[PDB]
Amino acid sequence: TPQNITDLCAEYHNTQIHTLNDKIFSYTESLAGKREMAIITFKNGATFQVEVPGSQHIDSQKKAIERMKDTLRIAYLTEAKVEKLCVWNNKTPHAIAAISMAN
């Protein structure tokens, strides 16, 4: 079990770390069918999805996707400094696997 986001990210191939040290610039949310998702951006133009619950997720990954959309929405409205995002770099835009928040 990893003690931080950097080492946790490194356990997965197909992930990478962005370090933003910046609040979220925009939050986007869709209930349209087959695009039940969120999208965020930053000042620097960087764009990230939380994936639609699809094929390559288990059962307990379905609950954590919901919790992640909770996290990003409240982070956006509190102007929380996002330190890092660990993201699946093979989805377009890159999908959030984890978030870290300090500062």
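In this text, rigid core is short for the largest set of C-alphas that superpose within 1.5 Å between two forms. Residue positions are given as counts along the sequence shown, with the first one as 1.
> What stretch shows more C-alpha movement in 4 other deposited structures of this protein relative to this form, 22-30 or 50-58, after the core is superposed?
It is 50-58 that deviates more in 4 other deposited structures of this protein.
> Please compare 25-33 with 51-59 and name the stretch with the higher mean C-alpha B-factor in the deposited structure.
Taking the mean C-alpha B-factor of 25-33 and of 51-59, the larger value falls to 51-59.
> Please compare 8-16 with 75-83 and say which has the higher mean C-alpha temperature factor in the record.
Mean CA B-factor is higher for 8-16.
> Would the CA B-factor of residue 98 place it in the lowest, middle or highest third of its chain?
Its C-alpha B-factor belongs to the lowest third of this chain's values.
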